[PDB]
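Trainee: One structure coming up, written as structure tokens, with questions to follow.
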Amino acid sequence: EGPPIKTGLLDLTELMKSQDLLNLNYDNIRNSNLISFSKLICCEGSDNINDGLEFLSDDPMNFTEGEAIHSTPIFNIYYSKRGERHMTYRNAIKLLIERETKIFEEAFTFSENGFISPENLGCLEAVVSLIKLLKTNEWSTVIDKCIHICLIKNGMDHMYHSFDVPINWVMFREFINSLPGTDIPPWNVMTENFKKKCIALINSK
Amino acid sequence: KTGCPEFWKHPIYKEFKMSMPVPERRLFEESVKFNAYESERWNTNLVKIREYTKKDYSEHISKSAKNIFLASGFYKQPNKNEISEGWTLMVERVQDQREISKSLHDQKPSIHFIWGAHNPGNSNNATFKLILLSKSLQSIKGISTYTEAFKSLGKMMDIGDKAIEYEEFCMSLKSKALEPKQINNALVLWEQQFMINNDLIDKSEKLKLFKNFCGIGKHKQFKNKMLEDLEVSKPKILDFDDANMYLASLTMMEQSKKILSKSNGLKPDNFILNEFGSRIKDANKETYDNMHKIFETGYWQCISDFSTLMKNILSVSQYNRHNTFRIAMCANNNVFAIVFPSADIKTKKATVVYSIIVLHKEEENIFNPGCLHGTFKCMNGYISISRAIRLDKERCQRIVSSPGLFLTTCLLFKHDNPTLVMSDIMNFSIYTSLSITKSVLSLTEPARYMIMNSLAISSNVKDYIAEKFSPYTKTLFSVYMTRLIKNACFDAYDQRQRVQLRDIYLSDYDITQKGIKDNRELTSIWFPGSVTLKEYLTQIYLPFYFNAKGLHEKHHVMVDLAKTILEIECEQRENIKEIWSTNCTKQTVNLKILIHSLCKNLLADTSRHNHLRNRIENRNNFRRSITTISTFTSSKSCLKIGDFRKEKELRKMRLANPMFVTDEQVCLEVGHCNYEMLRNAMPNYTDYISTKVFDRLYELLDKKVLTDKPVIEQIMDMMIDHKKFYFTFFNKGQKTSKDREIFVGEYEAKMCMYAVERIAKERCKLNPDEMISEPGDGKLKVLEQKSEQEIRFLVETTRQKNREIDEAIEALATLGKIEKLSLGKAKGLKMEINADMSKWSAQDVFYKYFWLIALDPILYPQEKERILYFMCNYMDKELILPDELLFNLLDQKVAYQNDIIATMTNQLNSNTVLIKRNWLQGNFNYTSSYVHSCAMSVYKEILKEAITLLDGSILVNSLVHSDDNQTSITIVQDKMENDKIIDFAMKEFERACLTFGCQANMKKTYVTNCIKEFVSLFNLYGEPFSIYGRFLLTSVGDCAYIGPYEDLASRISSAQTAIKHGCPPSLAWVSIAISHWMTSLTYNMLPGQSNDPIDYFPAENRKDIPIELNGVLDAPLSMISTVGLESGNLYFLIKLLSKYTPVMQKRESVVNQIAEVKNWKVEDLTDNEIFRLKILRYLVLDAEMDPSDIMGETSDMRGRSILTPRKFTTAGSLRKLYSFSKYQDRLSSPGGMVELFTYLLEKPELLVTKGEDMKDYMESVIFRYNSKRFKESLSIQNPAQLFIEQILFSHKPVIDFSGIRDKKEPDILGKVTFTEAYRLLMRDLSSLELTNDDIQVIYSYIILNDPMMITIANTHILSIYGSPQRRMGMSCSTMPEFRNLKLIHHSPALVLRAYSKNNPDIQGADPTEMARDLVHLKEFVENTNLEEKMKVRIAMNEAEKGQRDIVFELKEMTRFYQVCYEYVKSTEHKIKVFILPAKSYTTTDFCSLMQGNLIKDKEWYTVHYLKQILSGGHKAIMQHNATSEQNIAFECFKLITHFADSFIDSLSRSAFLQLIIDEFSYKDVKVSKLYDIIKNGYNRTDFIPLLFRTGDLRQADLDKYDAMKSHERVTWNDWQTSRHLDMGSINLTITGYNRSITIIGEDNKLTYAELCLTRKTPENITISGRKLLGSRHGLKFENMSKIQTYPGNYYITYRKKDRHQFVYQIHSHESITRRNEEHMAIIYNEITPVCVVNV
RNA sequence: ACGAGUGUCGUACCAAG
RNA sequence: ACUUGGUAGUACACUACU
Ligand SMILES: Nc1ncnc2c1ncn2[C@@H]1O[C@H](COP(=O)(O)OP(=O)(O)OP(=O)(O)O)[C@@H](O)[C@H]1O
Ligand SMILES: [Mg+2]
Ligand SMILES: [Mg+2]
Ligand SMILES: [Zn+2]
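Chains as they are written, first to last, in the entry's author numbering: chain A, 2022 to 2187, 2199 to 2237; chain B, 195 to 371, 383 to 855, 869 to 1032, 1039 to 1527, 1539 to 1957, 1961 to 1973.
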């Protein structure tokens, strides 16, 4: 327990509490979500993502390897093995960011133009302002952090802290139920949980 | 002080001695007289006897092991051909034993009901429905047997246009509450009750309707039955294997599905939805959709209508004259019932007779489950009438409670299965939930074992089907289910091959991923579709728990059980001649093998503890008084032998049996036998009665039989004083197809068996805190551990034996030789034998236990002689036939053809049968378990010898419960194929069981590859598994009807137990909703009913009322599972805390938020909040209002309930008690009860204890007889009678509510009703004052005092939900470091005993921890001002009255002790094993896993916390000396250094570490403080890199580090990736004085080693090698690859020493070659080189 | 009729005419 | 066999293993 360690947009103190990112396997870190990485971002005005990663280690890590076992109930064991020179924690974090930011931006396109498109920006403003008013529920902060991360990667970290709340609570329901849902991404369940909780809470309110 | 000389002359001992060889007799007699306290060594006798029998044991082991080459691999496989042959044999046997009927009209009703959809057009008015029914009955068109009677019935219920007059007459009758009032051709007696009008019905038609149709009086009374009237025939059942019968059953099922799958045309709106729909939908939307679809179907309406109609039929079955009938209606305006006159339903074994009538617009639109009598045309459609149905109270209760069972079954079978159709599941579930007959039990009970054994690798299921399986198919659904079971058994084996193992992710410390793959390839059993393996096992095991308990009739079940016992006894008498055998004869024991195994096991067990006798004495209170042992002072039943003519005797009649009729009694009337005629008709009848254990102890103490001596001395004296043992039996009443006999014995037998059982228990490896009848879920973890170990053994071994093969094959992969090598590699094999023993207690060789007493080294010769004398007498016990069975057999009038009961009782000359070899059920659990473990040890030895014959590797594990056995075998060999090994293993398992007198059950024993099945618990290849549904279903069918809160609490506990076994959250919410709904139905508490509390308390809805006051449970599913029944108060307090905490403290720990409570104001509090806070302050933390009168109550007799309905106080049960007469004598005395009260007041500890000596125990028993609830615990509470109590008498006062601290009659009668109780409770609570200080006390002693509640509150407050994950590695976990979360160490009873006696060192507690427990209790008492308030109240009352009131002071003391007991009990939270998605290493890990596992059914999430949930407190900061802080610092730095080395860049590691040291904190202790502690300690040599990087290293540290070379200093310059699989770079360095070695290698090739010395000579080289490699380095050196050698070099070599121990040396090439080559010339232990050494 | 059953039972009981 | 009147609270029930 202690004050956060600010090395770029990363928070090493909050890395200490991220138990699923403390794997010593290159494949496990590489194949994580943006939710696991969202807890590490406290940029507070950072326009890039590849500065704090210089504080992450560059030593080789382990990677998984499989092998069949000669037994009557056949099965395959998967163990850890010393990786190559390019299997480092920093490289795994970079690959995680590169894949997951793209996946999320595709999941929150909301447009025929793209993620940065002004209509998508207004939709994201409405989504963030919903949580600005409605008390933070258990499935909101994760999305807020992911949106902030993807805005940093898209070069408009400026247009996240400049969010101005535009309230008629009946309008929210329509805008949200018509909001489309993903199928392939880990947000195939997350964003639907968010919509269900938000519509239920605004109905109660 | 003296032994028993009588034992040597006993007939049983002489028989036992003459059956043994002469040397064995000498050994037994020398072992009995052996004194381990006077011999040179304690094990002189055991070692001598072990050596004497060693040769025979070795010969037996070797001969059994050599059979592995004689196996053929042809074991019992449950393929389709064998199942078909077994089925054919079964059909022949059942056709022989039953009368098979191929005709359809012999079918019994599958469901005792017919149903039709409601008419939306017609009105739902009772009078209009009655008029419509009357018009429809009269207009029946056609002619039949009862058409005229039905039309006459319709006529005699008409009212014409006098509906208004009928309504006013009914209202007038019901207002004041007989003479029938002529309305219009109707003799109305009451609302819908009519009198049979003789003018409207013909006499012949009336007789036909009431005798032939309803069975009312058609029979002849028992006094008039003659020889030609008794029925002799076999039970008639339908031909289940007939083609036409099966087609008819299929037609019935198809029609039921066609009619019942329609929509109701309504909107689903009920209690379950309106109360728990949000939670169910949040947990899983598909479950909400499924239940919403269920509510829309005709199935739900049909079953709800049947339940409601049954309730309305029962409610009017009280006052029925012989010439009347009643009409019952329900919410369906087309379904009615005619209730026919019978006995009062609330009388003994009374039945109800009804006939269902349905009006339907179109024919064939009738639900007819084999119950219809006829469909006749009438005006405007058709009218269907069913046959008359007679039912008893238990079957009516099952019908009433059916809807919850149906909903639970439908939702359990459909959970997460899109391939299943809801209609088929609903059809099957409605037919299995409304079944109240033994026809489907006879299929559900054996289907489990049949299908599980057919799915197994090897099982004996063919002979089970051919010999034991016997379907009992009286209904068409029975035929359908028999066909389903047959198809499942046919398909089980050929679909076994569709199960696949999950990929195993192991990491040298844990297995992250394991289990069975979840692919829907298996074929569903009960309905079309596909299921996974887990869903297959659920379908197999689930219908066994639908069955109703207690469907057996005493008349037949008593005779059945007596026949079973007597048949076993007669078979043993006339066919078991030899006691000892050597060819595995049934019911014989191999003498020498048994003796040797017992000697070896006793030597192993007694060597592990040097104070075993003291453990036995202390753990079982052997030196304490008899009154301090719970089992000797309980309310259980025991037997008394004597002369009880007066007690049991409760015009003359003669017996029906001609063999017991005197010539002067012929001119009399025949009557049912009772005690008087039984006593007169039996010459050698021994009299007996059943009393209570505590009352028997009271009587024995009063008559000076028992004294105040230590209990063990009294037991030893009783073992020789009590020579004749008598037992009786009764039917258990379990849900199986056949009942279990339970034996009740005397008190003295209880003492004698207690001593032996406790002696044998301390050697067993079972948990002393659990019971045999209730195995704990901790075994669920044990299984897992074993499996994991075996998995590792399978991975390391095969790999180790196939490394060379794989390497060569791979080099050749980039061919005939390839397959030649591949067939020469060692293969692995996994086997799981899941076995049960057949007739564990009945067909057992008791004589073997004799040796277990003779060979015991912890007993004296006198004690051994007395125990063996007791066992000899026990082998002479006599079983008393119950008087009811004798009544049954004395009124037959026809001699049974082959009567075993008459033969074994000398034509009923006596009522006792001598039972010799059958030690009765449950009397010798631990002794038998110990001998079973010895048998398994012998079997393991046989397997080890057999496998080492093949030069393979083996690992055998064996878990042994009472008789349940689970043996897991892992084998790795390259010799023979696996089927031969499996066949050998099973043959040797059977032979090992037969050697020790046991026998494997052909019904439950089977063999699998990847399925462990211990007691109701599964291990699916490393993954724990439990059928959680059996906890949900049992929560619906089982209800004691004690009260609303009691039933609700029991059901919530069942739901919590189901959650702990892996129940998905949506199903748990469904179970909780169903529990609440059923509890509200039973006690009329639904919105708008009589007892609805919503409008009596300041609550908007039921969520705002505590569940103790008939509210609903508002708590997260995480709190219920981890706390349970205290989650409502905790959640309410947390909601308050969140509501009234400033926003600057909203996201802090619960402690910091509670610290701000003092700034609250009571004025700005909602009335509901004040109400609930007052309840918490004065009803939970105090005893302001008594739920019942407390005089005579003890400290543990106050629950968490507030409104407790009264129950039965059976006077018949009480008058049998010897101490009750003494209590009644004392009560009717001038100054007896007041003197007793004064004595209790002078010695208040008797309120907590119950007397630790004779006089105090008797006084306490007499005092407790005043409790009025202790008397209700000694009485009979029939669940059926209590069920009809809530229907017949709903407005009767039942609650003994008595305000605030004293401010002809029905058997159950209270003082106020429920609504009056609510009103009085509100009137009294408003008189109390709540202050900010009171709220502080509430928060301080409900949350702040218990670390567990603080943790739970913090988890609810600080939780942050994270990434979704998939369940792949479910594992068992307790709460890590839970002992830090225990505020009070000891049990509440011990803590209260210590508090009352004011003594930290009591006869059962540790004086060190009891002091802390006492100081906790004293702090609670002082801070809540409990004692001060009690003293103030006592003084005020005494001043007001003038003289001291003993009654008031005694009541105040009782309240004080009950409050203290409840507070101490509220601390203990029995968090047992949980099943969690991942492995738990800390408390935070456990809480996060448990919280994230209980929010969605599809996936589990990751939960993080803003702050520390486990904040340091009174149990966390305290209890930690200097070494604890030392370990904390060590853990902190071990963690931080490696975290920096793993996740921090090299150039920023030192700065990061400096920041960690100077600024952060670990476990609430500053890191700087920890670093200072480790620098100022003797362990700084373990943190040299840390000291060097910071700069605090000294030359003294280096001298200390390199000065430990004296003990060969071993260091690992690098960690291996996996040290068990041998992966990762091996870089090892060993150093001593003037010698060092360094070894480098990767995986299994040690690349090289360097040996630095000071004298380069071969002698120094070898001595240094031995001294270095012999250290504790951890490198194996035998798992490394063998290398070639070159001359002049030195090599690290390994060699075998103890078949598992190895020697590592350094040798030369010529040395190795010479020694190996001379070793070849004559197992084969050769020096194997591994690595090269550079000297 | 219904419940139970290869064990004779339940299928209310009593009195009076 | 039939009519009238009267009576009826439980399976009087329950083991070992904590
Ligand atoms: N309800 C019980 N009451 C008393 N002892 C019991 C009870 N259930 C089990 N036992 C004890 O556990 C042992 C195991 O009984 P189990 O139910 O496994 O059947 P069994 O008597 O061995 O016969 P089988 O397997 O052939 O039906 C019994 O012999 C008895 O000692
Ligand atoms: Mg058994
Ligand atoms: Mg068993
Ligand atoms: Zn930012």
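The beta-carbon is built from N, C-alpha and C at its ideal position, and this holds for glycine as well.
Chain B partners of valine 2163 of chain A, CB-CB under 9 Å?
Mentor: Simply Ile1595, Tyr1596, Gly1597 and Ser1598.
Trainee: Report whether the distance from the Cβ of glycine 2029 of chain A to the nearest heavy atom of ligand 4 is below 7 Å.
Mentor: Answer for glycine 2029 of chain A: no, Cβ out of range of ligand 4.
Trainee: In the DSSP assignment, the alpha helix (DSSP H) including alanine 1588 of chain B goes from what residue to what residue?
Mentor: Segment 1582-1593, the alpha helix (DSSP H) holding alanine 1588 of chain B.
Trainee: Step through the CB atoms of chain A and report whether any lies within less than 8 Å of the CB of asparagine 1202 of chain B.
Mentor: Judged by the 8 Å Cβ criterion, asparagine 1202 of chain B is in contact with chain A.
Trainee: Does ligand 6 have a heavy atom nearer than 7 Å to the CB of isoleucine 2173 of chain A?
Mentor: The ligand content of the structure shown is limited to ligand 1, ligand 2, ligand 3 and ligand 4, which means ligand 6 is not among them.
Trainee: Could you give the DSSP three-state label for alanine 753 of chain B: helix, strand or coil?
Mentor: Coil.
Trainee: From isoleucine 907 of chain B to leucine 896 of chain B, what distance separates their C-alpha atoms?
Mentor: So the alpha carbons of these two residues sit roughly 15 Å apart.
Trainee: Tell me which residues of the stretch 2053-2070 of chain A have at least one Cβ-Cβ distance to chain B shorter than 8 Å, keeping chain order.
Mentor: If the cut-off is 8 Å between Cβ atoms, the stretch 2053-2070 of chain A has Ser2053, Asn2054, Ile2056, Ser2057 and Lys2060 near chain B.
Trainee: Near ligand 2, which residues have their beta-carbon closer than 5 Å to a heavy atom?
Mentor: Residues with a Cβ closer than 5 Å to any heavy atom of ligand 2, in chain order: B:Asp1060, B:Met1061, B:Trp1064 and B:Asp1187.
Trainee: With DSSP collapsed to three states, give me the class of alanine 533 of chain B.
Mentor: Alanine 533 of chain B falls in the strand class under three-state DSSP.
Trainee: Should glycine 1221 of chain B be listed as close to ligand 1, given that the test is whether its C-beta is under 7 Å from any heavy atom?
Mentor: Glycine 1221 of chain B: no, Cβ never under 7 Å from ligand 1.
Trainee: Does the distance between the C-beta of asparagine 752 of chain B and the nearest non-hydrogen atom of ligand 1 fall short of 7 Å?
Mentor: Result no, Cβ not under 7 Å from ligand 1.
Trainee: For chain A, find out if any of its Cβ atoms is closer than 8 Å to the Cβ of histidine 1591 of chain B; answer yes or no.
Mentor: Not closer than 8 Å to any Cβ of chain A, the Cβ of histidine 1591 of chain B fails to qualify, so no.
Trainee: Let me know if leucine 1544 of chain B comes out buried or exposed under the rule of 16 or more other beta-carbons within 10 Å of its beta-carbon.
Mentor: Burial call: exposed.
Trainee: Leaving out five residues before and five after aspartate 1080 of chain B in sequence, what residues of the same chain have Cβ atoms less than 8 Å from its Cβ?
Mentor: Answer for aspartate 1080 of chain B: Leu807, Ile977 and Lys1088, listed in chain order.
Trainee: Please go through the stretch 498-577 of chain B and give each complete alpha helix (DSSP H) segment of 4 or more residues, from N-terminal end onward.
Mentor: The qualifying runs are 503-520.
Trainee: Any contact between the stretch 243-262 of chain B and the stretch 1149-1168 of chain B? By contact I mean 3 or more CB pairs, one from each, below 8 Å.
Mentor: Result yes; three or more Cβ-Cβ pairs closer than 8 Å.
Trainee: For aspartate 935 of chain B, report the span of its alpha helix (DSSP H) as first-last.
Mentor: Run containing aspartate 935 of chain B: 929-939, per the alpha helix (DSSP H) assignment.
Trainee: To the nearest whole angstrom, what separates the beta carbons of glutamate 774 of chain B and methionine 1128 of chain B, a pair I think is in contact under 8 Å?
Mentor: About 7 Å; that satisfies the 8 Å criterion.
Trainee: Whole angstroms are fine: how far does the CA of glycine 1748 of chain B sit from the CA of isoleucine 1009 of chain B?
Mentor: Spanning the two alpha carbons is a distance of roughly 41 Å.
Trainee: For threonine 1434 of chain B, which residues from the same chain have a beta carbon less than 6 Å from its beta carbon, with the 5 sequence-adjacent residues on both sides left out?
Mentor: Answer for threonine 1434 of chain B: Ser1499 and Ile1500, listed in chain order.
Trainee: Using CA atoms only, rank isn't needed, just tell me which of B:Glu1673, B:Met534 and B:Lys1617 is closest to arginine 1647 of chain B.
Mentor: Nearest of B:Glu1673, B:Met534 and B:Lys1617 to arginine 1647 of chain B, Cα basis: B:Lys1617.
Trainee: Where does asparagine 585 of chain B land, buried or exposed, given buried means 16+ other C-beta within 10 angstroms?
Mentor: Counting Cβ neighbours within 10 Å, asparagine 585 of chain B comes out exposed, since fewer than 16 surround it.
Trainee: Give, in chain order, every residue of the stretch 2200-2226 of chain A whose Cβ lies closer than 7 Å to some Cβ of chain B.
Mentor: Result list: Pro2218, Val2221 and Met2222.
Trainee: At which residue ranges does the stretch 634-665 of chain B contain complete alpha helix (DSSP H) runs of 4 or more residues, listed in the order of the chain?
Mentor: Counting whole runs of 4 or more residues, the stretch 634-665 of chain B contains the alpha helix (DSSP H) stretches 643-660.
Trainee: Given 8 Å as the limit, is there contact between the stretch 1899-1910 of chain B and the stretch 1834-1847 of chain B, that is, 3 or more CB pairs closer than that?
Mentor: The stretch 1899-1910 of chain B, when compared against the stretch 1834-1847 of chain B, does touch it at the 8 Å Cβ threshold.
Trainee: Can at least three beta-carbon pairs, one atom from the stretch 1088-1104 of chain B and one from the stretch 203-222 of chain B, be found at a separation below 8 Å?
Mentor: Yes, since at least three Cβ pairs between the stretch 1088-1104 of chain B and the stretch 203-222 of chain B fall closer than 8 Å, the two stretches touch.
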